[PDB]
file run06.pdb (PDB, C-alpha atoms)
ATOM      1  CA  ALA A 286       0.000   0.000   0.000
ATOM      2  CA  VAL A 287       1.736   3.129   1.299
ATOM      3  CA  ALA A 288       4.489   1.152   3.147
ATOM      4  CA  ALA A 289       5.293   4.175   5.369
ATOM      5  CA  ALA A 290       2.212   4.522   7.593
ATOM      6  CA  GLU A 291       2.417   0.790   8.324
ATOM      7  CA  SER A 292       6.090   1.274   9.211
ATOM      8  CA  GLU A 293       5.277   4.058  11.683
ATOM      9  CA  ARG A 294       2.425   1.967  13.112
ATOM     10  CA  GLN A 295       4.876  -0.890  13.669
ATOM     11  CA  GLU A 296       7.357   1.588  15.184
ATOM     12  CA  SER A 297       4.755   2.870  17.646
ATOM     13  CA  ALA A 298       3.711  -0.691  18.484
ATOM     14  CA  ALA A 299       7.303  -1.849  19.037
ATOM     15  CA  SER A 300       8.171   1.153  21.212
ATOM     16  CA  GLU A 301       5.063   0.447  23.288
ATOM     17  CA  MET A 302       6.028  -3.141  24.266
ATOM     18  CA  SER A 303       8.962  -4.247  26.438
ATOM     19  CA  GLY A 304      12.636  -4.094  25.513
ATOM     20  CA  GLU A 305      13.249  -7.573  24.091
ATOM     21  CA  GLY A 306      10.050  -7.469  22.047
ATOM     22  CA  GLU A 307      10.909  -3.972  20.833
ATOM     23  CA  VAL A 308      14.390  -4.984  19.689
ATOM     24  CA  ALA A 309      12.971  -8.123  18.039
ATOM     25  CA  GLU A 310      10.319  -6.228  16.071
ATOM     26  CA  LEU A 311      12.761  -3.468  15.106
ATOM     27  CA  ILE A 312      15.226  -5.998  13.711
ATOM     28  CA  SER A 313      12.331  -7.755  11.937
ATOM     29  CA  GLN A 314      11.315  -4.470  10.276
ATOM     30  CA  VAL A 315      14.967  -3.843   9.376
ATOM     31  CA  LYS A 316      15.012  -7.290   7.757
ATOM     32  CA  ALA A 317      11.821  -6.477   5.839
ATOM     33  CA  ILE A 318      13.344  -3.240   4.517
ATOM     34  CA  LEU A 319      16.527  -5.113   3.559
ATOM     35  CA  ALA A 320      14.468  -7.743   1.722
ATOM     36  CA  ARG A 321      12.618  -4.997  -0.154
ATOM     37  CA  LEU A 322      16.003  -3.446  -1.007
ATOM     38  CA  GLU A 323      17.043  -6.821  -2.431
ATOM     39  CA  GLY A 324      13.782  -7.012  -4.376
ATOM     40  CA  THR A 325      14.297  -3.578  -5.932
ATOM     41  CA  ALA A 326      17.714  -4.552  -7.323
TER      42      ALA A 326
ATOM     43  CA  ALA L 286      10.443 -16.347  -5.254
ATOM     44  CA  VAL L 287      11.594 -19.612  -3.551
ATOM     45  CA  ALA L 288      14.286 -17.561  -1.726
ATOM     46  CA  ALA L 289      11.638 -15.087  -0.431
ATOM     47  CA  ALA L 290       9.412 -18.029   0.655
ATOM     48  CA  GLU L 291      12.291 -19.649   2.636
ATOM     49  CA  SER L 292      13.047 -16.222   4.223
ATOM     50  CA  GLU L 293       9.406 -15.708   5.373
ATOM     51  CA  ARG L 294       9.381 -19.307   6.722
ATOM     52  CA  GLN L 295      12.579 -19.029   8.807
ATOM     53  CA  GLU L 296      11.233 -15.628  10.020
ATOM     54  CA  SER L 297       8.062 -17.180  11.480
ATOM     55  CA  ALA L 298      10.176 -19.828  13.201
ATOM     56  CA  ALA L 299      12.440 -17.071  14.573
ATOM     57  CA  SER L 300       9.377 -15.451  16.163
ATOM     58  CA  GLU L 301       8.471 -18.361  18.531
ATOM     59  CA  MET L 302      11.829 -19.006  20.310
ATOM     60  CA  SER L 303      12.612 -16.887  23.449
ATOM     61  CA  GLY L 304      14.102 -13.402  23.086
ATOM     62  CA  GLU L 305      17.837 -14.038  22.748
ATOM     63  CA  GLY L 306      17.215 -16.826  20.246
ATOM     64  CA  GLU L 307      14.788 -14.666  18.270
ATOM     65  CA  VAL L 308      17.198 -11.733  18.124
ATOM     66  CA  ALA L 309      20.112 -13.994  17.132
ATOM     67  CA  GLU L 310      18.155 -15.750  14.377
ATOM     68  CA  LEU L 311      16.805 -12.452  13.023
ATOM     69  CA  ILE L 312      20.301 -10.956  12.913
ATOM     70  CA  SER L 313      21.553 -14.108  11.158
ATOM     71  CA  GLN L 314      18.819 -13.835   8.506
ATOM     72  CA  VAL L 315      19.628 -10.129   8.150
ATOM     73  CA  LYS L 316      23.274 -11.058   7.540
ATOM     74  CA  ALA L 317      22.198 -13.651   4.965
ATOM     75  CA  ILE L 318      20.299 -10.897   3.141
ATOM     76  CA  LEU L 319      23.389  -8.657   3.228
ATOM     77  CA  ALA L 320      25.532 -11.510   1.898
ATOM     78  CA  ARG L 321      23.062 -11.873  -0.968
ATOM     79  CA  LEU L 322      23.287  -8.103  -1.546
ATOM     80  CA  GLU L 323      27.076  -8.414  -1.761
ATOM     81  CA  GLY L 324      26.690 -11.335  -4.167
ATOM     82  CA  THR L 325      24.403  -9.369  -6.491
ATOM     83  CA  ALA L 326      26.937  -6.545  -6.888
TER      84      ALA L 326
ATOM     85  CA  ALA I 286      23.229  19.289   7.719
ATOM     86  CA  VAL I 287      19.802  19.261   9.487
ATOM     87  CA  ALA I 288      19.647  15.429   9.177
ATOM     88  CA  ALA I 289      23.261  15.187  10.477
ATOM     89  CA  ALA I 290      22.418  17.316  13.569
ATOM     90  CA  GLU I 291      19.255  15.197  14.171
ATOM     91  CA  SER I 292      21.274  11.918  14.051
ATOM     92  CA  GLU I 293      23.971  13.394  16.381
ATOM     93  CA  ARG I 294      21.294  14.426  18.945
ATOM     94  CA  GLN I 295      19.629  10.983  18.717
ATOM     95  CA  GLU I 296      23.044   9.360  19.445
ATOM     96  CA  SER I 297      23.902  11.681  22.398
ATOM     97  CA  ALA I 298      20.469  10.848  23.917
ATOM     98  CA  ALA I 299      20.615   7.091  23.283
ATOM     99  CA  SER I 300      24.140   6.983  24.725
ATOM    100  CA  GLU I 301      22.802   8.365  28.003
ATOM    101  CA  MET I 302      19.731   6.141  28.105
ATOM    102  CA  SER I 303      20.128   2.707  29.671
ATOM    103  CA  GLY I 304      21.242  -0.391  27.759
ATOM    104  CA  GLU I 305      18.000  -1.687  26.248
ATOM    105  CA  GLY I 306      16.841   1.847  25.496
ATOM    106  CA  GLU I 307      20.128   2.527  23.716
ATOM    107  CA  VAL I 308      20.037  -0.759  21.782
ATOM    108  CA  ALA I 309      16.477   0.076  20.736
ATOM    109  CA  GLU I 310      17.034   3.715  19.750
ATOM    110  CA  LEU I 311      20.121   2.842  17.704
ATOM    111  CA  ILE I 312      18.238   0.196  15.719
ATOM    112  CA  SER I 313      15.342   2.631  15.233
ATOM    113  CA  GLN I 314      17.767   5.175  13.760
ATOM    114  CA  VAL I 315      19.385   2.433  11.649
ATOM    115  CA  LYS I 316      15.926   1.567  10.315
ATOM    116  CA  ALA I 317      15.346   5.252   9.535
ATOM    117  CA  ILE I 318      18.614   5.374   7.568
ATOM    118  CA  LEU I 319      17.592   2.186   5.740
ATOM    119  CA  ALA I 320      14.220   3.734   4.864
ATOM    120  CA  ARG I 321      16.054   6.760   3.457
ATOM    121  CA  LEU I 322      18.281   4.385   1.464
ATOM    122  CA  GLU I 323      15.163   2.747   0.018
ATOM    123  CA  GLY I 324      13.675   6.155  -0.775
ATOM    124  CA  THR I 325      16.721   7.533  -2.601
ATOM    125  CA  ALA I 326      16.982   4.677  -5.119
TER     126      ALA I 326
ATOM    127  CA  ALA U 286      34.543 -17.816  -1.840
ATOM    128  CA  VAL U 287      37.103 -16.849   0.799
ATOM    129  CA  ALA U 288      34.737 -14.345   2.424
ATOM    130  CA  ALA U 289      31.936 -16.923   2.277
ATOM    131  CA  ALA U 290      34.176 -19.466   4.021
ATOM    132  CA  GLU U 291      35.075 -16.930   6.722
ATOM    133  CA  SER U 292      31.414 -15.997   7.206
ATOM    134  CA  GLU U 293      30.245 -19.611   7.469
ATOM    135  CA  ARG U 294      33.053 -20.567   9.865
ATOM    136  CA  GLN U 295      32.250 -17.527  12.006
ATOM    137  CA  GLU U 296      28.545 -18.427  12.001
ATOM    138  CA  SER U 297      29.344 -21.978  13.119
ATOM    139  CA  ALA U 298      31.658 -20.634  15.834
ATOM    140  CA  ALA U 299      29.111 -18.062  17.048
ATOM    141  CA  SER U 300      26.226 -20.559  17.031
ATOM    142  CA  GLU U 301      27.280 -22.187  20.312
ATOM    143  CA  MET U 302      28.594 -19.153  22.153
ATOM    144  CA  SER U 303      26.095 -17.734  24.628
ATOM    145  CA  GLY U 304      23.392 -15.293  23.586
ATOM    146  CA  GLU U 305      25.289 -12.055  24.183
ATOM    147  CA  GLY U 306      28.377 -13.438  22.457
ATOM    148  CA  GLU U 307      26.330 -14.771  19.543
ATOM    149  CA  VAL U 308      24.597 -11.415  19.022
ATOM    150  CA  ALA U 309      27.910  -9.558  19.292
ATOM    151  CA  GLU U 310      29.676 -11.812  16.775
ATOM    152  CA  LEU U 311      26.753 -11.722  14.339
ATOM    153  CA  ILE U 312      26.592  -7.921  14.492
ATOM    154  CA  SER U 313      30.376  -7.742  14.005
ATOM    155  CA  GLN U 314      30.064  -9.916  10.889
ATOM    156  CA  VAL U 315      27.178  -7.736   9.658
ATOM    157  CA  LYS U 316      29.389  -4.673  10.087
ATOM    158  CA  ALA U 317      32.220  -6.408   8.222
ATOM    159  CA  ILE U 318      29.857  -7.048   5.302
ATOM    160  CA  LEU U 319      28.723  -3.396   5.435
ATOM    161  CA  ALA U 320      32.347  -2.213   5.378
ATOM    162  CA  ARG U 321      33.022  -4.445   2.374
ATOM    163  CA  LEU U 322      29.905  -3.045   0.658
ATOM    164  CA  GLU U 323      31.192   0.472   1.358
ATOM    165  CA  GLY U 324      34.590  -0.454  -0.073
ATOM    166  CA  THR U 325      33.090  -1.910  -3.253
ATOM    167  CA  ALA U 326      31.202   1.299  -4.082
TER     168      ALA U 326
ATOM    169  CA  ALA T 286      41.850   3.806   4.659
ATOM    170  CA  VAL T 287      41.803   6.273   7.621
ATOM    171  CA  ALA T 288      38.068   5.534   8.157
ATOM    172  CA  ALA T 289      38.810   1.766   7.922
ATOM    173  CA  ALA T 290      41.543   2.018  10.616
ATOM    174  CA  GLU T 291      39.194   4.122  12.830
ATOM    175  CA  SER T 292      36.412   1.469  12.545
ATOM    176  CA  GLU T 293      38.959  -1.310  13.333
ATOM    177  CA  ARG T 294      40.043   0.581  16.504
ATOM    178  CA  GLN T 295      36.367   1.052  17.472
ATOM    179  CA  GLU T 296      35.758  -2.732  17.112
ATOM    180  CA  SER T 297      38.915  -3.584  19.151
ATOM    181  CA  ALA T 298      37.807  -1.225  21.982
ATOM    182  CA  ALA T 299      34.182  -2.503  21.863
ATOM    183  CA  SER T 300      35.443  -6.127  22.210
ATOM    184  CA  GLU T 301      36.664  -5.284  25.768
ATOM    185  CA  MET T 302      33.438  -3.527  26.947
ATOM    186  CA  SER T 303      30.671  -5.698  28.462
ATOM    187  CA  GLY T 304      27.972  -7.291  26.315
ATOM    188  CA  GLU T 305      25.476  -4.426  26.356
ATOM    189  CA  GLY T 306      28.251  -1.928  25.661
ATOM    190  CA  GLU T 307      29.567  -4.286  22.979
ATOM    191  CA  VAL T 308      26.264  -4.448  21.128
ATOM    192  CA  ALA T 309      25.675  -0.701  21.564
ATOM    193  CA  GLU T 310      29.064   0.248  20.113
ATOM    194  CA  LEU T 311      28.786  -2.259  17.266
ATOM    195  CA  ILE T 312      25.332  -0.977  16.297
ATOM    196  CA  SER T 313      26.613   2.616  16.493
ATOM    197  CA  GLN T 314      29.454   1.722  14.114
ATOM    198  CA  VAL T 315      26.933  -0.018  11.829
ATOM    199  CA  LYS T 316      24.891   3.198  11.853
ATOM    200  CA  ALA T 317      27.997   5.222  10.972
ATOM    201  CA  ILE T 318      28.747   2.921   8.025
ATOM    202  CA  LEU T 319      25.132   3.191   6.837
ATOM    203  CA  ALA T 320      25.291   6.988   7.125
ATOM    204  CA  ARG T 321      28.454   7.006   5.009
ATOM    205  CA  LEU T 322      26.662   4.761   2.492
ATOM    206  CA  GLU T 323      23.845   7.320   2.349
ATOM    207  CA  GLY T 324      26.399  10.104   1.915
ATOM    208  CA  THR T 325      28.116   8.399  -1.024
ATOM    209  CA  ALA T 326      24.852   8.009  -2.961
TER     210      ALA T 326
ATOM    211  CA  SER K 274       4.931 -17.742  33.569
ATOM    212  CA  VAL K 275       5.123 -19.363  37.021
ATOM    213  CA  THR K 276       8.039 -17.916  38.969
ATOM    214  CA  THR K 277      10.248 -18.682  41.887
ATOM    215  CA  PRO K 278       9.315 -16.321  44.766
ATOM    216  CA  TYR K 279      12.401 -14.223  43.870
ATOM    217  CA  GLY K 280      11.328 -13.212  40.353
ATOM    218  CA  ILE K 281      12.561 -15.698  37.738
ATOM    219  CA  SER K 282      10.038 -17.286  35.380
ATOM    220  CA  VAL K 283      10.127 -20.674  33.695
ATOM    221  CA  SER K 284      10.203 -18.737  30.418
ATOM    222  CA  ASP K 285      13.245 -16.828  31.692
ATOM    223  CA  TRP K 286      14.914 -20.149  32.528
ATOM    224  CA  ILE K 287      14.219 -21.420  28.999
ATOM    225  CA  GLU K 288      15.556 -18.118  27.616
ATOM    226  CA  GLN K 289      18.780 -18.429  29.602
ATOM    227  CA  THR K 290      19.118 -22.194  29.004
ATOM    228  CA  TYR K 291      17.652 -23.134  25.591
ATOM    229  CA  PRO K 292      17.273 -19.753  23.862
ATOM    230  CA  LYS K 293      16.468 -21.170  20.413
ATOM    231  CA  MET K 294      13.940 -23.758  21.604
ATOM    232  CA  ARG K 295      10.644 -23.207  19.807
ATOM    233  CA  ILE K 296       7.672 -23.142  22.186
ATOM    234  CA  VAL K 297       4.112 -23.669  20.944
ATOM    235  CA  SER K 298       0.824 -24.396  22.688
ATOM    236  CA  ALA K 299      -2.022 -26.251  21.020
ATOM    237  CA  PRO K 300      -5.695 -26.469  22.055
ATOM    238  CA  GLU K 301      -5.815 -30.097  20.913
ATOM    239  CA  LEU K 302      -2.914 -31.023  23.224
ATOM    240  CA  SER K 303      -5.056 -30.345  26.315
ATOM    241  CA  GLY K 304      -7.072 -33.193  27.786
ATOM    242  CA  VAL K 305      -5.321 -35.830  25.690
ATOM    243  CA  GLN K 306      -6.172 -38.730  27.998
ATOM    244  CA  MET K 307      -8.158 -39.644  31.112
ATOM    245  CA  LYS K 308      -6.768 -40.729  34.466
ATOM    246  CA  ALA K 309     -10.213 -41.430  35.834
ATOM    247  CA  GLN K 310     -12.078 -38.160  35.209
ATOM    248  CA  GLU K 311      -9.316 -35.525  35.060
ATOM    249  CA  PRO K 312      -8.318 -34.423  31.523
ATOM    250  CA  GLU K 313      -4.631 -35.262  31.211
ATOM    251  CA  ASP K 314      -2.535 -32.469  29.700
ATOM    252  CA  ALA K 315       0.432 -33.245  27.499
ATOM    253  CA  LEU K 316       3.933 -32.034  26.677
ATOM    254  CA  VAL K 317       5.732 -33.127  23.499
ATOM    255  CA  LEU K 318       9.400 -32.255  22.963
ATOM    256  CA  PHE K 319      10.672 -33.179  19.520
ATOM    257  CA  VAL K 320      13.283 -32.324  16.909
ATOM    258  CA  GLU K 321      11.735 -30.474  13.969
ATOM    259  CA  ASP K 322      14.162 -31.404  11.191
ATOM    260  CA  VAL K 323      17.363 -33.439  10.956
ATOM    261  CA  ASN K 324      20.007 -32.563   8.382
ATOM    262  CA  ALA K 325      20.468 -35.150   5.643
ATOM    263  CA  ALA K 326      24.271 -34.881   5.408
ATOM    264  CA  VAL K 327      24.884 -36.984   8.527
ATOM    265  CA  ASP K 328      22.754 -39.966   7.441
TER     266      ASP K 328
ATOM    267  CA  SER N 274      20.944 -26.160  33.111
ATOM    268  CA  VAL N 275      21.319 -26.744  36.889
ATOM    269  CA  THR N 276      19.980 -23.587  38.591
ATOM    270  CA  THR N 277      20.713 -22.101  42.013
ATOM    271  CA  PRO N 278      17.418 -22.104  44.048
ATOM    272  CA  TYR N 279      16.673 -18.558  42.799
ATOM    273  CA  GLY N 280      16.765 -19.210  39.037
ATOM    274  CA  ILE N 281      20.279 -18.600  37.647
ATOM    275  CA  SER N 282      21.507 -21.539  35.491
ATOM    276  CA  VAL N 283      25.180 -22.473  34.957
ATOM    277  CA  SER N 284      24.497 -21.373  31.346
ATOM    278  CA  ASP N 285      23.370 -17.945  32.572
ATOM    279  CA  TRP N 286      26.556 -17.700  34.644
ATOM    280  CA  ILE N 287      28.652 -18.509  31.566
ATOM    281  CA  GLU N 288      26.681 -15.978  29.499
ATOM    282  CA  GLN N 289      27.187 -13.220  32.077
ATOM    283  CA  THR N 290      30.816 -14.250  32.713
ATOM    284  CA  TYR N 291      32.336 -15.629  29.479
ATOM    285  CA  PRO N 292      29.899 -14.413  26.799
ATOM    286  CA  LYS N 293      31.919 -15.575  23.776
ATOM    287  CA  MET N 294      32.831 -18.943  25.296
ATOM    288  CA  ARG N 295      32.298 -21.673  22.717
ATOM    289  CA  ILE N 296      30.485 -24.628  24.301
ATOM    290  CA  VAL N 297      30.179 -28.042  22.644
ATOM    291  CA  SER N 298      29.145 -31.484  23.846
ATOM    292  CA  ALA N 299      30.428 -34.716  22.344
ATOM    293  CA  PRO N 300      29.228 -38.312  22.860
ATOM    294  CA  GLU N 301      32.806 -39.607  22.822
ATOM    295  CA  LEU N 302      33.702 -37.450  25.843
ATOM    296  CA  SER N 303      31.209 -39.423  27.961
ATOM    297  CA  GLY N 304      32.658 -42.431  29.751
ATOM    298  CA  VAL N 305      36.270 -41.654  28.834
ATOM    299  CA  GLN N 306      37.636 -43.682  31.759
ATOM    300  CA  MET N 307      36.328 -46.189  34.291
ATOM    301  CA  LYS N 308      37.167 -45.608  37.951
ATOM    302  CA  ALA N 309      36.097 -49.111  38.883
ATOM    303  CA  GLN N 310      32.724 -49.527  37.155
ATOM    304  CA  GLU N 311      31.506 -45.913  36.826
ATOM    305  CA  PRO N 312      32.183 -44.342  33.405
ATOM    306  CA  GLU N 313      34.165 -41.170  34.047
ATOM    307  CA  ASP N 314      32.953 -38.182  32.048
ATOM    308  CA  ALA N 315      35.243 -35.505  30.688
ATOM    309  CA  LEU N 316      35.577 -31.743  30.376
ATOM    310  CA  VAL N 317      38.164 -30.193  28.044
ATOM    311  CA  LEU N 318      38.803 -26.436  28.056
ATOM    312  CA  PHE N 319      41.110 -25.363  25.261
ATOM    313  CA  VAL N 320      42.014 -22.425  23.050
ATOM    314  CA  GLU N 321      40.935 -23.104  19.469
ATOM    315  CA  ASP N 322      43.421 -20.966  17.542
ATOM    316  CA  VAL N 323      46.282 -18.688  18.564
ATOM    317  CA  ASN N 324      47.252 -15.702  16.442
ATOM    318  CA  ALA N 325      50.515 -15.938  14.513
ATOM    319  CA  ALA N 326      51.608 -12.331  15.085
ATOM    320  CA  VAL N 327      52.892 -12.628  18.661
ATOM    321  CA  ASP N 328      55.125 -15.675  18.090
TER     322      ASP N 328
END
call {"tool": "encode", "arguments": {"input": "run06.pdb", "output": "C-alpha cells"}}
result
Amino acid sequence: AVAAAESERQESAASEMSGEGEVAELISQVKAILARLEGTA
Amino acid sequence: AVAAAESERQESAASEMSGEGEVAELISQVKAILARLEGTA
Amino acid sequence: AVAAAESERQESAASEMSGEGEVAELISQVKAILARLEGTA
Amino acid sequence: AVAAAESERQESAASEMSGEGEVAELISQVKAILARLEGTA
Amino acid sequence: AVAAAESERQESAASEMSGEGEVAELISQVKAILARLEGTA
Amino acid sequence: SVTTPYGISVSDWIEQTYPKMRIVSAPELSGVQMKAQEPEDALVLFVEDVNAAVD
Amino acid sequence: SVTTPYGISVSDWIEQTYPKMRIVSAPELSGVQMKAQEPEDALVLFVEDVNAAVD
C-alpha cells in the first residue's frame, strides 16, 4: 500500500512493548526493509 | 520467489523461540540478506 | 546538515539512556537510515 | 569464496557461544559485510 | 583507509566492553557505516 | 509464567538455558487422555528437522 | 541447566561471565575412563586458535 504509515504503526507498536520485544520487532522491520532493497535490485 | 518463501518461513520460526534466540536468528537472517546483496553486486 | 544534527542528537540521547533503550534507539535510527536508502533509489 | 568461508566458519563458531556473544559476533560480521559493501562502491 | 583504521580501533575497543556496551558500540558503528553509504549516494 | 518467589520465570529459565527452543501451545494437546475423570494435559518435545548430510 | 534455588543456570553464569565462550558437547567425551565400574565423564577447556603475530 503506502508502506510508510504501516512502518510508523509498527514503530509505535514496538516502542510500546517491552525491551526484548521492541528490539525483536525493530530488527524484523529492518530485515523487511533489507528484503525490499534486495527485491528492488 | 523460492528464496523469499524460505526467508518468510525461517522468520516465522524465529518469532516463537525466546528473546535471545529470536534476536540472534533475526540478525543471522539479516546477515544472509546482506551476503546476498554483496553477491548481487 | 539538518539530518546530520538530528542523528547526532539521537546518538547523544541514546548513549545516556540505559542499555535496552540505547540498543532500541540505535536500531530505530538504523531503520530510519535504511528507509532513506530505500527512498533515494 | 574466501569471504563466504570466513562468514560460514564464524557463524558456526558463534552458534554455540552464549546469547550475548552470539549477538555480538553476528553484528560484528554484519558490520564487516557493510564495510566491504562500502569499499566496493 | 583512515576511516577503515578508525572502525577497526572502534571494534577492538568494543570487544573489551561488556555485552550491552559491545552491542551498543557495534550498532553505532553499523549506523555510521550506513550513514556514510547514504552520503556516497 | 510461574516464577520462583524471587522473580525468575520458567520462560526466563528457557531463555537463559535453551534460547532457540521453539515453544508452541495447542488447544488439541489439552485433555489428551483420562486418568479417571481428570483431563490429562500433554507435553511433546521433539526435533523439527534433521540434516540429511549426517545420514 | 542446573539452577541455584533462585533461578540462575550455569548457562546464565557462563553468558554473564564468558559471553563468547564456545560450548560443545560430544558423545565420545562421555565415559572416557572407568574408575572401577563408573564411566568417568570428561571436560576439556582449550584455546581453538592462537594468532601468529605474537610468536
call {"tool": "resolve_selection", "arguments": {"input": "run06.pdb", "expression": "the PyMOL selection byres ((chain K and resi 291) around 10)", "output": "PyMOL selection string"}}
result
(chain L and resi 302-303+305-306) or (chain U and resi 304) or (chain K and resi 284-290+292-295) or (chain N and resi 274+284)
call {"tool": "resolve_selection", "arguments": {"input": "run06.pdb", "expression": "the PyMOL selection byres ((chain A and resi 324) around 12)", "output": "short mmCIF file (atom, residue, chain, number, x, y, z; two decimals) with C-alpha atoms, keeping the file's coordinate frame"}}
result
data_model
loop_
_atom_site.label_atom_id
_atom_site.label_comp_id
_atom_site.auth_asym_id
_atom_site.auth_seq_id
_atom_site.Cartn_x
_atom_site.Cartn_y
_atom_site.Cartn_z
CA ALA A 317 11.82 -6.48 5.84
CA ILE A 318 13.34 -3.24 4.52
CA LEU A 319 16.53 -5.11 3.56
CA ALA A 320 14.47 -7.74 1.72
CA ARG A 321 12.62 -5.00 -0.15
CA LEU A 322 16.00 -3.45 -1.01
CA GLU A 323 17.04 -6.82 -2.43
CA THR A 325 14.30 -3.58 -5.93
CA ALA A 326 17.71 -4.55 -7.32
CA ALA L 286 10.44 -16.35 -5.25
CA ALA L 288 14.29 -17.56 -1.73
CA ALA L 289 11.64 -15.09 -0.43
CA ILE L 318 20.30 -10.90 3.14
CA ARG L 321 23.06 -11.87 -0.97
CA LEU L 322 23.29 -8.10 -1.55
CA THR L 325 24.40 -9.37 -6.49
CA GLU I 323 15.16 2.75 0.02
#
call {"tool": "calpha_fit_and_write", "arguments": {"input": "run06.pdb", "fixed": "chain U", "moving": "chain L", "output": "short mmCIF file (atom, residue, chain, number, x, y, z; two decimals) with C-alpha atoms, keeping the file's coordinate frame"}}
result
data_model
loop_
_atom_site.label_atom_id
_atom_site.label_comp_id
_atom_site.auth_asym_id
_atom_site.auth_seq_id
_atom_site.Cartn_x
_atom_site.Cartn_y
_atom_site.Cartn_z
CA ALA L 286 34.71 -17.67 -2.44
CA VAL L 287 37.36 -17.79 0.36
CA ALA L 288 35.67 -14.71 1.93
CA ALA L 289 32.25 -16.48 1.90
CA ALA L 290 33.86 -19.63 3.42
CA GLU L 291 35.45 -17.60 6.28
CA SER L 292 32.05 -15.87 6.86
CA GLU L 293 30.15 -19.21 7.12
CA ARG L 294 32.89 -20.53 9.47
CA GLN L 295 32.84 -17.58 11.91
CA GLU L 296 28.99 -17.81 11.77
CA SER L 297 28.96 -21.41 13.03
CA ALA L 298 31.33 -20.43 15.83
CA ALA L 299 29.05 -17.49 16.68
CA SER L 300 26.17 -19.95 17.12
CA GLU L 301 27.68 -21.94 20.06
CA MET L 302 28.61 -19.12 22.53
CA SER L 303 25.85 -17.91 24.96
CA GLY L 304 23.30 -15.33 23.82
CA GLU L 305 25.06 -12.00 24.38
CA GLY L 306 28.23 -13.33 22.77
CA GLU L 307 26.29 -14.75 19.83
CA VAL L 308 24.42 -11.50 19.23
CA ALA L 309 27.62 -9.44 19.52
CA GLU L 310 29.58 -11.66 17.13
CA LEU L 311 26.72 -11.73 14.61
CA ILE L 312 26.42 -7.94 14.68
CA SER L 313 30.21 -7.68 14.23
CA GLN L 314 30.10 -9.97 11.17
CA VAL L 315 27.15 -7.95 9.86
CA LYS L 316 29.23 -4.79 10.23
CA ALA L 317 32.13 -6.47 8.42
CA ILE L 318 29.76 -7.21 5.53
CA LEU L 319 28.62 -3.56 5.48
CA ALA L 320 32.24 -2.40 5.50
CA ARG L 321 32.85 -4.63 2.48
CA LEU L 322 29.75 -3.13 0.83
CA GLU L 323 31.19 0.35 1.41
CA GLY L 324 34.53 -0.80 -0.02
CA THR L 325 32.92 -2.13 -3.20
CA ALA L 326 31.26 1.22 -3.98
#
call {"tool": "atom_distance", "arguments": {"input": "run06.pdb", "atom1": "CA of residue 283 (chain K)", "atom2": "CA of residue 298 (chain A)"}}
result
25.9 Å
call {"tool": "axis_aligned_box", "arguments": {"input": "run06.pdb", "around": "region 292-305 of chain K", "padding_each_side": "8 Å", "output": "lines of an AutoDock Vina configuration file"}}
result
center_x = 5.1
center_y = -27.8
center_z = 23.8
size_x = 40.3
size_y = 32.1
size_z = 24.0
call {"tool": "closest_residue", "arguments": {"input": "run06.pdb", "among": "I:287, I:312, I:307, I:301", "to": "chain U", "atoms": "all atoms listed in the file"}}
result
I:312
call {"tool": "atom_distance", "arguments": {"input": "run06.pdb", "atom1": "CA of residue 298 (chain K)", "atom2": "CA of residue 325 (chain K)"}}
result
28.1 Å
call {"tool": "atom_distance", "arguments": {"input": "run06.pdb", "atom1": "CA of residue 304 (chain N)", "atom2": "CA of residue 316 (chain N)"}}
result
11.1 Å
call {"tool": "resolve_selection", "arguments": {"input": "run06.pdb", "expression": "the PyMOL selection byres ((chain A and resi 296) around 9)", "output": "CSV table (one decimal) with C-alpha atoms, keeping the file's coordinate frame"}}
result
chain,number,residue,atom,x,y,z
A,291,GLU,CA,2.4,0.8,8.3
A,292,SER,CA,6.1,1.3,9.2
A,293,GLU,CA,5.3,4.1,11.7
A,294,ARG,CA,2.4,2.0,13.1
A,295,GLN,CA,4.9,-0.9,13.7
A,297,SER,CA,4.8,2.9,17.6
A,298,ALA,CA,3.7,-0.7,18.5
A,299,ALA,CA,7.3,-1.8,19.0
A,300,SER,CA,8.2,1.2,21.2
A,301,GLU,CA,5.1,0.4,23.3
A,307,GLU,CA,10.9,-4.0,20.8
A,310,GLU,CA,10.3,-6.2,16.1
A,311,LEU,CA,12.8,-3.5,15.1
A,314,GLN,CA,11.3,-4.5,10.3
I,313,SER,CA,15.3,2.6,15.2
call {"tool": "residues_around", "arguments": {"input": "run06.pdb", "residues": "residue 279 (chain K)", "least_positions_apart": "2", "cutoff": "12 Å", "atoms": "all atoms listed in the file", "output": "list in words"}}
result
residues 275, 276, 277, 281 and 282 of chain K; 277, 278, 279, 280 and 281 of chain N
call {"tool": "decode", "arguments": {"input": "run06.pdb", "residues": "region 304-320 of chain K", "atoms": "C-alpha atoms", "output": "PDB file, in the first residue's frame"}}
result
ATOM      1  CA  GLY K 304      -7.072 -33.193  27.786  1.00  0.00           C
ATOM      2  CA  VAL K 305      -5.321 -35.830  25.690  1.00  0.00           C
ATOM      3  CA  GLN K 306      -6.172 -38.730  27.998  1.00  0.00           C
ATOM      4  CA  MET K 307      -8.158 -39.644  31.112  1.00  0.00           C
ATOM      5  CA  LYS K 308      -6.768 -40.729  34.466  1.00  0.00           C
ATOM      6  CA  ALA K 309     -10.213 -41.430  35.834  1.00  0.00           C
ATOM      7  CA  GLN K 310     -12.078 -38.160  35.209  1.00  0.00           C
ATOM      8  CA  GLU K 311      -9.316 -35.525  35.060  1.00  0.00           C
ATOM      9  CA  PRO K 312      -8.318 -34.423  31.523  1.00  0.00           C
ATOM     10  CA  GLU K 313      -4.631 -35.262  31.211  1.00  0.00           C
ATOM     11  CA  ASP K 314      -2.535 -32.469  29.700  1.00  0.00           C
ATOM     12  CA  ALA K 315       0.432 -33.245  27.499  1.00  0.00           C
ATOM     13  CA  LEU K 316       3.933 -32.034  26.677  1.00  0.00           C
ATOM     14  CA  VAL K 317       5.732 -33.127  23.499  1.00  0.00           C
ATOM     15  CA  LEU K 318       9.400 -32.255  22.963  1.00  0.00           C
ATOM     16  CA  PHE K 319      10.672 -33.179  19.520  1.00  0.00           C
ATOM     17  CA  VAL K 320      13.283 -32.324  16.909  1.00  0.00           C
TER      18      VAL K 320
END
